[PDB]
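Below is entry.cif, which holds mmCIF, C-alpha atoms.
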```
data_upload
loop_
_atom_site.label_atom_id
_atom_site.label_comp_id
_atom_site.auth_asym_id
_atom_site.auth_seq_id
_atom_site.Cartn_x
_atom_site.Cartn_y
_atom_site.Cartn_z
CA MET A 1 4.05 -31.66 -0.75
CA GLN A 2 2.39 -28.53 -2.16
CA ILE A 3 1.46 -25.61 0.12
CA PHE A 4 0.05 -22.24 -0.87
CA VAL A 5 1.39 -18.88 0.32
CA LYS A 6 -1.06 -15.99 -0.09
CA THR A 7 -0.28 -12.32 0.36
CA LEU A 8 -1.86 -8.93 0.97
CA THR A 9 -1.54 -7.87 -2.68
CA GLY A 10 -3.75 -10.78 -3.77
CA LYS A 11 -1.19 -13.40 -4.83
CA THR A 12 -1.18 -17.12 -4.31
CA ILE A 13 2.23 -18.76 -4.60
CA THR A 14 2.52 -22.53 -4.81
CA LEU A 15 5.54 -23.90 -2.96
CA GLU A 16 6.59 -27.53 -3.33
CA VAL A 17 7.99 -28.60 0.04
CA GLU A 18 7.73 -32.12 1.50
CA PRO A 19 6.26 -31.13 4.90
CA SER A 20 9.08 -32.25 7.19
CA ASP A 21 11.63 -29.42 7.00
CA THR A 22 11.92 -25.93 8.58
CA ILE A 23 10.31 -22.48 8.31
CA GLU A 24 13.53 -20.78 7.19
CA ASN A 25 13.36 -23.24 4.27
CA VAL A 26 9.91 -21.97 3.24
CA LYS A 27 11.31 -18.44 3.57
CA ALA A 28 14.17 -19.39 1.23
CA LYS A 29 11.70 -20.91 -1.26
CA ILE A 30 9.70 -17.68 -1.31
CA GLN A 31 12.87 -15.63 -1.74
CA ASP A 32 13.83 -17.67 -4.80
CA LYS A 33 10.36 -17.56 -6.36
CA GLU A 34 9.69 -13.86 -5.75
CA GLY A 35 12.98 -12.21 -4.77
CA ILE A 36 11.79 -10.89 -1.39
CA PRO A 37 14.67 -11.56 1.07
CA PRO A 38 13.77 -13.83 4.00
CA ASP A 39 14.12 -11.07 6.62
CA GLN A 40 11.24 -9.01 5.12
CA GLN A 41 8.77 -11.88 5.59
CA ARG A 42 6.35 -12.74 8.38
CA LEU A 43 4.67 -16.13 7.97
CA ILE A 44 1.34 -16.78 9.71
CA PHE A 45 -0.41 -20.16 9.60
CA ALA A 46 -3.88 -20.31 11.19
CA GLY A 47 -3.57 -17.33 13.50
CA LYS A 48 -0.03 -18.28 14.51
CA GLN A 49 3.21 -16.58 13.51
CA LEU A 50 5.82 -19.22 12.80
CA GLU A 51 9.16 -19.54 14.58
CA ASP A 52 12.25 -20.35 12.53
CA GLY A 53 13.71 -23.34 14.35
CA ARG A 54 10.22 -24.80 14.67
CA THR A 55 9.56 -27.38 11.93
CA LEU A 56 6.63 -27.63 9.51
CA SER A 57 4.78 -30.46 11.27
CA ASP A 58 5.48 -28.83 14.62
CA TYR A 59 2.86 -26.36 13.38
CA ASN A 60 0.79 -29.31 11.96
CA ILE A 61 0.88 -27.56 8.55
CA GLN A 62 -0.23 -30.27 6.12
CA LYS A 63 -0.54 -30.39 2.34
CA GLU A 64 -2.92 -27.85 0.71
CA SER A 65 -2.92 -25.91 3.97
CA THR A 66 -2.32 -22.23 3.30
CA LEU A 67 0.09 -19.75 4.87
CA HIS A 68 -0.29 -15.96 4.84
CA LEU A 69 2.75 -13.79 4.11
CA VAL A 70 2.97 -10.19 5.31
CA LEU A 71 5.94 -8.07 4.33
CA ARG A 72 7.81 -5.87 6.78
CA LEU A 73 7.53 -2.91 4.42
CA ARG A 74 5.84 0.45 4.83
CA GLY A 75 5.60 3.69 2.84
CA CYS A 76 5.08 7.44 3.22
CA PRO B 1 21.29 21.88 26.08
CA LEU B 2 17.84 20.97 24.76
CA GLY B 3 18.05 17.20 25.27
CA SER B 4 15.58 14.39 24.62
CA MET B 5 16.08 13.61 20.91
CA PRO B 6 12.67 14.26 19.35
CA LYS B 7 10.48 11.75 17.55
CA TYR B 8 8.86 13.69 14.75
CA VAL B 9 5.42 12.72 13.39
CA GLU B 10 6.31 13.19 9.71
CA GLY B 11 8.15 9.87 9.97
CA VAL B 12 5.14 7.82 10.99
CA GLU B 13 4.83 5.46 8.03
CA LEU B 14 1.90 3.13 7.30
CA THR B 15 2.59 -0.63 7.18
CA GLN B 16 0.72 -2.84 4.65
CA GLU B 17 -1.30 -4.09 7.60
CA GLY B 18 -1.88 -0.48 8.63
CA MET B 19 -3.20 0.51 5.21
CA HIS B 20 -5.54 -2.50 5.14
CA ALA B 21 -6.57 -1.64 8.67
CA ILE B 22 -7.40 1.97 7.74
CA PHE B 23 -9.58 0.87 4.85
CA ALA B 24 -11.25 -1.76 7.07
CA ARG B 25 -11.99 0.80 9.78
CA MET B 26 -13.56 3.01 7.12
CA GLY B 27 -15.69 0.06 6.03
CA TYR B 28 -14.31 -1.37 2.81
CA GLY B 29 -13.84 -4.88 4.26
CA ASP B 30 -10.76 -7.01 3.74
CA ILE B 31 -9.31 -5.35 0.68
CA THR B 32 -6.41 -6.37 -1.51
CA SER B 33 -3.80 -3.63 -2.01
CA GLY B 34 -1.10 -3.39 -4.65
CA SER B 35 2.61 -2.66 -4.78
CA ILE B 36 5.63 -2.12 -7.00
CA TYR B 37 8.39 -4.41 -5.72
CA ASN B 38 11.93 -4.21 -7.09
CA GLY B 39 10.38 -2.34 -10.02
CA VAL B 40 7.70 -4.94 -10.92
CA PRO B 41 4.07 -4.12 -9.98
CA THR B 42 1.76 -6.55 -8.27
CA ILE B 43 -1.77 -5.14 -8.76
CA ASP B 44 -4.83 -7.44 -8.82
CA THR B 45 -7.06 -5.71 -11.37
CA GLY B 46 -10.06 -7.90 -10.58
CA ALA B 47 -9.95 -6.72 -6.98
CA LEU B 48 -9.29 -3.16 -8.20
CA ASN B 49 -12.48 -3.11 -10.28
CA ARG B 50 -14.38 -4.80 -7.41
CA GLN B 51 -13.17 -2.33 -4.78
CA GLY B 52 -13.13 0.71 -7.07
CA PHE B 53 -9.66 1.69 -5.80
CA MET B 54 -6.33 0.19 -4.70
CA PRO B 55 -3.50 1.66 -2.58
CA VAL B 56 -0.10 0.88 -4.15
CA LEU B 57 3.19 0.80 -2.21
CA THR B 58 5.86 1.99 -4.64
CA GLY B 59 9.60 2.30 -4.19
CA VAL B 60 10.02 -0.72 -1.96
CA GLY B 61 12.39 -3.53 -2.76
CA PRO B 62 14.98 -5.98 -1.50
CA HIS B 63 16.88 -3.13 0.20
CA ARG B 64 14.25 -0.32 0.19
CA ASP B 65 12.13 -0.95 3.29
CA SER B 66 10.40 2.46 3.24
CA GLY B 67 8.67 3.55 0.13
CA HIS B 68 5.80 5.69 -1.23
CA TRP B 69 2.03 5.15 -0.93
CA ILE B 70 -0.08 6.14 -3.97
CA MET B 71 -3.70 5.43 -4.99
CA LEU B 72 -4.91 3.64 -8.14
CA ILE B 73 -8.51 4.58 -8.99
CA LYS B 74 -10.90 3.00 -11.50
CA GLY B 75 -13.09 5.48 -13.35
CA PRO B 76 -16.06 5.02 -15.66
CA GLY B 77 -15.45 2.66 -18.54
CA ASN B 78 -11.83 1.74 -19.09
CA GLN B 79 -10.31 4.84 -17.48
CA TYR B 80 -8.00 4.49 -14.51
CA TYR B 81 -6.42 7.33 -12.59
CA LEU B 82 -3.29 7.61 -10.48
CA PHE B 83 -3.42 9.89 -7.41
CA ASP B 84 -0.01 10.81 -5.97
CA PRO B 85 -0.12 13.10 -2.88
CA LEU B 86 3.31 14.38 -3.90
CA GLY B 87 1.87 15.76 -7.17
CA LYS B 88 1.59 15.22 -10.89
CA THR B 89 5.31 14.75 -11.75
CA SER B 90 5.88 12.08 -9.07
CA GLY B 91 2.81 10.11 -10.24
CA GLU B 92 3.90 10.40 -13.86
CA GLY B 93 6.98 8.58 -12.56
CA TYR B 94 4.75 5.50 -12.04
CA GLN B 95 2.23 6.01 -14.87
CA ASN B 96 3.97 3.61 -17.27
CA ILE B 97 4.83 0.75 -14.95
CA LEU B 98 1.26 0.75 -13.61
CA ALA B 99 -0.37 1.16 -17.02
CA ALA B 100 1.17 -2.06 -18.26
CA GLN B 101 -0.84 -3.99 -15.60
CA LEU B 102 -4.34 -2.77 -16.65
CA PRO B 103 -6.74 -4.37 -19.17
CA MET B 104 -6.02 -4.00 -22.88
CA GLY B 105 -7.39 -0.73 -24.21
CA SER B 106 -7.07 1.09 -20.85
CA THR B 107 -5.61 4.54 -20.28
CA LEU B 108 -4.11 5.61 -16.93
CA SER B 109 -4.00 9.33 -16.18
CA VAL B 110 -2.40 11.19 -13.28
CA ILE B 111 -4.49 13.69 -11.31
CA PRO B 112 -2.68 17.02 -11.83
CA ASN B 113 -2.42 18.14 -8.25
CA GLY B 114 0.45 20.34 -7.11
CA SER B 115 3.56 19.28 -5.27
CA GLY B 116 4.76 20.75 -2.03
CA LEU B 117 1.52 20.61 -0.05
CA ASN B 118 2.06 17.13 1.44
CA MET B 119 4.55 18.22 4.22
CA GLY B 120 5.85 14.75 4.95
CA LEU B 121 2.59 13.44 6.20
CA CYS B 122 1.94 9.93 4.98
CA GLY B 123 -1.09 7.84 4.35
CA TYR B 124 -3.73 10.35 5.33
CA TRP B 125 -3.79 11.97 1.90
CA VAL B 126 -3.97 8.71 -0.06
CA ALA B 127 -6.67 7.39 2.33
CA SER B 128 -8.68 10.62 2.16
CA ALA B 129 -8.14 12.61 -1.05
CA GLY B 130 -7.78 9.37 -3.07
CA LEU B 131 -11.25 8.14 -2.08
CA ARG B 132 -12.75 11.60 -2.61
CA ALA B 133 -11.10 11.73 -6.08
CA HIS B 134 -12.59 8.31 -6.85
CA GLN B 135 -16.08 9.55 -6.04
CA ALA B 136 -15.57 12.81 -7.97
CA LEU B 137 -14.36 11.00 -11.12
CA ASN B 138 -17.22 8.42 -10.99
CA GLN B 139 -20.34 10.64 -10.74
CA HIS B 140 -22.73 10.92 -13.70
CA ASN B 141 -21.25 14.16 -15.07
CA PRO B 142 -17.66 14.17 -13.81
CA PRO B 143 -15.63 17.38 -13.87
CA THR B 144 -12.53 17.39 -15.98
CA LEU B 145 -9.31 15.86 -14.70
CA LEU B 146 -7.87 19.37 -14.36
CA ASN B 147 -10.73 20.50 -12.09
CA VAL B 148 -10.36 17.48 -9.78
CA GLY B 149 -6.62 18.03 -9.50
CA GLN B 150 -7.21 21.72 -8.78
CA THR B 151 -9.72 21.03 -5.97
CA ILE B 152 -7.49 18.32 -4.47
CA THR B 153 -4.52 20.74 -4.39
CA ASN B 154 -6.57 23.54 -2.82
CA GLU B 155 -7.96 21.12 -0.23
CA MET B 156 -4.50 19.93 0.79
CA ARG B 157 -3.24 23.53 0.99
CA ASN B 158 -6.21 24.81 3.02
CA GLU B 159 -6.05 21.83 5.40
CA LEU B 160 -2.38 22.88 5.90
CA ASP B 161 -3.23 25.36 8.69
CA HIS B 162 -2.57 24.54 12.40
CA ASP B 163 -5.99 23.04 13.03
CA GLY B 164 -5.52 20.70 10.07
CA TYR B 165 -2.01 19.70 11.15
CA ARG B 166 -3.34 18.97 14.65
CA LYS B 167 -6.13 16.79 13.24
CA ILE B 168 -3.69 14.91 10.98
CA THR B 169 -1.09 14.53 13.75
CA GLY B 170 -3.73 13.10 16.03
CA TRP B 171 -4.60 10.54 13.36
CA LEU B 172 -0.95 9.70 12.54
CA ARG B 173 -0.03 9.32 16.20
CA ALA B 174 -3.14 7.12 16.65
CA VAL B 175 -1.43 4.64 14.34
CA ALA B 176 -0.45 1.90 16.82
CA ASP B 177 1.14 0.01 13.85
CA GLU B 178 4.78 0.54 14.82
CA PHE B 179 6.66 1.61 11.66
CA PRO B 180 9.25 3.36 13.81
CA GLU B 181 10.50 6.91 13.80
CA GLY B 182 13.27 5.37 15.56
CA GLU B 183 11.36 3.39 18.12
#
```

Please, can you express the file's structure as structure tokens?
Amino acid sequence: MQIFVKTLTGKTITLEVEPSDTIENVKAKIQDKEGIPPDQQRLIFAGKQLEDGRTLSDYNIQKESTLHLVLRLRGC
Amino acid sequence: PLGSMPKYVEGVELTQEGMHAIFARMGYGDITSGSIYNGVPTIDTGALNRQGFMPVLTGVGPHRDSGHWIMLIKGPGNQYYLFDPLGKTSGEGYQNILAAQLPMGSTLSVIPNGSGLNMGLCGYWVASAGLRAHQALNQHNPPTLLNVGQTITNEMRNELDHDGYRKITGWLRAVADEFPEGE
């Protein structure tokens, strides 16, 4: 029910989400908690980037499992 | 008419993955970087002190996809420094918002290098002059802040000749981390 989302700037972010829904739903949860729109997010679980329509147990992501979030940003 | 719309190399921007990758290739391991997102900094100070430095992606946000790389440096004691390749005034733009994220009692000073010597070339200066500034500011008898800023400015200006541009452009082009130029 609780999964962690860790990022390149160091952060962990707990996300409560009964593992049975969709990846766009995790993206929406992260947008609410940190304001980053969904379309700036790439979600990777265990060396696998996650497709939207694919569901959370499609990718066997269980509770306490951890997802890595990389942002489609870049600077000069 | 001179056709083929041209992809200029000043528009090669480093991704977060690209910045991590550059530091990894240089040998600093899997580092944590920082950012300022929608005006609020995320900077892990534990990792900063452990690494000795931290690249910080400023000016990004919900709508701002491109932004500005700078370098946060930890000095001796409780002194932190901000290196901005665009110069002293630009960095002073971020002094405050970054200072509020450092340990109590800290001071954050901007390296007084000159503007106008960057030429639209991204990442190389933070990933080169920033590290060299870190080492300069952390030796037993460090020169003053003014002297480090002066040498950094002169180094950017002298590396501005053709040979330097060629070396930089080779590096920038070698950045197979597709932040397009329109690509």

Among the residues A:36, A:50, A:67, A:26, the one that comes closest to chain B [using all atoms listed in the file]: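 Of A:36, A:50, A:67, A:26, the one nearest chain B, counting all atoms listed in the file, is A:36.
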
Residues of chain A within 10 Å of chain B, counting all atoms listed in the file, as a ChimeraX atom specification: /A:7-11,31,34-40,70-76

Deliver the residues from the most recent selection as a file, using C-alpha atoms, as a CSV table (one decimal), in the coordinates of the input.
```csv
chain,number,residue,atom,x,y,z
A,7,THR,CA,-0.3,-12.3,0.4
A,8,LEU,CA,-1.9,-8.9,1.0
A,9,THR,CA,-1.5,-7.9,-2.7
A,10,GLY,CA,-3.8,-10.8,-3.8
A,11,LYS,CA,-1.2,-13.4,-4.8
A,31,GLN,CA,12.9,-15.6,-1.7
A,34,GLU,CA,9.7,-13.9,-5.8
A,35,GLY,CA,13.0,-12.2,-4.8
A,36,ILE,CA,11.8,-10.9,-1.4
A,37,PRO,CA,14.7,-11.6,1.1
A,38,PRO,CA,13.8,-13.8,4.0
A,39,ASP,CA,14.1,-11.1,6.6
A,40,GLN,CA,11.2,-9.0,5.1
A,70,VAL,CA,3.0,-10.2,5.3
A,71,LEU,CA,5.9,-8.1,4.3
A,72,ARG,CA,7.8,-5.9,6.8
A,73,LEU,CA,7.5,-2.9,4.4
A,74,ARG,CA,5.8,0.4,4.8
A,75,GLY,CA,5.6,3.7,2.8
A,76,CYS,CA,5.1,7.4,3.2
```

Residue members of the PyMOL selection byres ((chain A and resi 19-23) around 8) in the file shown, as a list in words: residues 1, 17, 18, 24, 25, 26, 27, 50, 51, 52, 53, 54, 55, 56, 57, 61, 62 and 63 of chain A

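Straight-line separation from atom CA of residue B:125 to atom CA of residue B:178: 19.3 Å.
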
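This file gives the following result for the PyMOL selection byres ((chain A and resi 3) around 7): residues 1, 2, 4, 5, 14, 15, 16, 63, 64, 65 and 66 of chain A.
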
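Comparing B:111, B:103, B:130, B:93 by their smallest distance to residue B:81, the closest is B:111 (using only C-alpha atoms).
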
Picked residues, the PyMOL selection byres ((chain B and resi 129) around 10), expected as a PyMOL selection string: chain B and resi 71+83-85+124-128+130-135+151-153+155-156

Selection from above, C-alpha atoms, as a PDB file, in the coordinates of the input, can you write it?
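Okay, this is what ended up in selection_25.pdb:
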```pdb
ATOM      1  CA  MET B  71      -3.700   5.430  -4.990  1.00  0.00           C
ATOM      2  CA  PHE B  83      -3.420   9.890  -7.410  1.00  0.00           C
ATOM      3  CA  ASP B  84      -0.010  10.810  -5.970  1.00  0.00           C
ATOM      4  CA  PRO B  85      -0.120  13.100  -2.880  1.00  0.00           C
ATOM      5  CA  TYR B 124      -3.730  10.350   5.330  1.00  0.00           C
ATOM      6  CA  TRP B 125      -3.790  11.970   1.900  1.00  0.00           C
ATOM      7  CA  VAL B 126      -3.970   8.710  -0.060  1.00  0.00           C
ATOM      8  CA  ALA B 127      -6.670   7.390   2.330  1.00  0.00           C
ATOM      9  CA  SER B 128      -8.680  10.620   2.160  1.00  0.00           C
ATOM     10  CA  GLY B 130      -7.780   9.370  -3.070  1.00  0.00           C
ATOM     11  CA  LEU B 131     -11.250   8.140  -2.080  1.00  0.00           C
ATOM     12  CA  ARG B 132     -12.750  11.600  -2.610  1.00  0.00           C
ATOM     13  CA  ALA B 133     -11.100  11.730  -6.080  1.00  0.00           C
ATOM     14  CA  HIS B 134     -12.590   8.310  -6.850  1.00  0.00           C
ATOM     15  CA  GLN B 135     -16.080   9.550  -6.040  1.00  0.00           C
ATOM     16  CA  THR B 151      -9.720  21.030  -5.970  1.00  0.00           C
ATOM     17  CA  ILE B 152      -7.490  18.320  -4.470  1.00  0.00           C
ATOM     18  CA  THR B 153      -4.520  20.740  -4.390  1.00  0.00           C
ATOM     19  CA  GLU B 155      -7.960  21.120  -0.230  1.00  0.00           C
ATOM     20  CA  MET B 156      -4.500  19.930   0.790  1.00  0.00           C
TER      21      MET B 156
END
```

Exercise: residue B:102 partners within 12 Å, all atoms listed in the file, chain neighbours under 2 positions left out, as an MDAnalysis selection string: chainID B and resid 41:49 72:74 78:81 95:100 104:108

Because the input lacks atoms here, generate N, CA and C atoms for stretch 24-53 of chain A and report them as a compact mmCIF listing (two decimals), in the frame of the given file.
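Final output, saved to out-v1.txt:
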```txt
# COMPACT_ATOMS: atom_id res chain seq x y z
N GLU A 24 12.53 -21.50 7.97
CA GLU A 24 13.53 -20.78 7.19
C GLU A 24 13.65 -21.35 5.78
N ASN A 25 13.33 -22.63 5.60
CA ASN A 25 13.36 -23.24 4.27
C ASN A 25 12.21 -22.73 3.40
N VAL A 26 11.01 -22.58 3.97
CA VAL A 26 9.91 -21.97 3.24
C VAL A 26 10.24 -20.52 2.90
N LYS A 27 10.89 -19.81 3.84
CA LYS A 27 11.31 -18.44 3.57
C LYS A 27 12.28 -18.40 2.39
N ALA A 28 13.23 -19.33 2.35
CA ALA A 28 14.17 -19.39 1.23
C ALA A 28 13.45 -19.69 -0.09
N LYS A 29 12.48 -20.61 -0.06
CA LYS A 29 11.70 -20.91 -1.26
C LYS A 29 10.99 -19.67 -1.78
N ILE A 30 10.39 -18.89 -0.88
CA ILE A 30 9.70 -17.68 -1.31
C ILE A 30 10.70 -16.66 -1.84
N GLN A 31 11.89 -16.59 -1.24
CA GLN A 31 12.87 -15.63 -1.74
C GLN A 31 13.28 -15.97 -3.16
N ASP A 32 13.51 -17.26 -3.44
CA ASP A 32 13.83 -17.67 -4.80
C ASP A 32 12.70 -17.34 -5.77
N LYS A 33 11.46 -17.72 -5.42
CA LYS A 33 10.36 -17.56 -6.36
C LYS A 33 9.97 -16.11 -6.58
N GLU A 34 10.12 -15.23 -5.57
CA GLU A 34 9.69 -13.86 -5.75
C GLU A 34 10.72 -12.80 -5.38
N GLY A 35 11.92 -13.18 -4.96
CA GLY A 35 12.98 -12.21 -4.77
C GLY A 35 12.97 -11.46 -3.46
N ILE A 36 11.88 -11.54 -2.69
CA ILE A 36 11.79 -10.89 -1.39
C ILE A 36 12.74 -11.60 -0.42
N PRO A 37 13.75 -10.91 0.12
CA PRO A 37 14.67 -11.56 1.07
C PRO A 37 13.92 -12.19 2.22
N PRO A 38 14.52 -13.15 2.93
CA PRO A 38 13.77 -13.83 4.00
C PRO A 38 13.43 -12.91 5.15
N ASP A 39 14.28 -11.92 5.44
CA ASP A 39 14.12 -11.07 6.62
C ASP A 39 13.09 -9.95 6.45
N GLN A 40 12.38 -9.90 5.32
CA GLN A 40 11.24 -9.01 5.12
C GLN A 40 9.92 -9.76 5.18
N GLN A 41 9.93 -11.00 5.65
CA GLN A 41 8.77 -11.88 5.59
C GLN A 41 8.31 -12.25 6.99
N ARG A 42 7.00 -12.17 7.22
CA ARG A 42 6.35 -12.74 8.38
C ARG A 42 5.37 -13.78 7.87
N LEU A 43 5.49 -15.00 8.38
CA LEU A 43 4.67 -16.13 7.97
C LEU A 43 3.69 -16.47 9.08
N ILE A 44 2.39 -16.47 8.76
CA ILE A 44 1.34 -16.78 9.71
C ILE A 44 0.53 -17.95 9.16
N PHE A 45 0.47 -19.04 9.91
CA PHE A 45 -0.41 -20.16 9.60
C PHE A 45 -1.46 -20.28 10.69
N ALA A 46 -2.73 -20.12 10.30
CA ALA A 46 -3.88 -20.31 11.19
C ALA A 46 -3.70 -19.54 12.50
N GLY A 47 -3.72 -18.21 12.35
CA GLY A 47 -3.57 -17.33 13.50
C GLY A 47 -2.36 -17.62 14.36
N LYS A 48 -1.24 -18.00 13.75
CA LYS A 48 -0.03 -18.28 14.51
C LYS A 48 1.18 -17.88 13.67
N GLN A 49 1.96 -16.92 14.16
CA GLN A 49 3.21 -16.58 13.51
C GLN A 49 4.24 -17.66 13.80
N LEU A 50 5.05 -17.99 12.80
CA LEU A 50 5.82 -19.22 12.80
C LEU A 50 7.28 -18.96 13.14
N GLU A 51 7.78 -19.68 14.14
CA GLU A 51 9.16 -19.54 14.58
C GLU A 51 10.09 -20.33 13.67
N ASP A 52 11.32 -19.83 13.53
CA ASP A 52 12.25 -20.35 12.53
C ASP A 52 12.66 -21.78 12.83
N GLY A 53 13.27 -22.00 13.99
CA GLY A 53 13.71 -23.34 14.35
C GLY A 53 12.58 -24.35 14.36
```
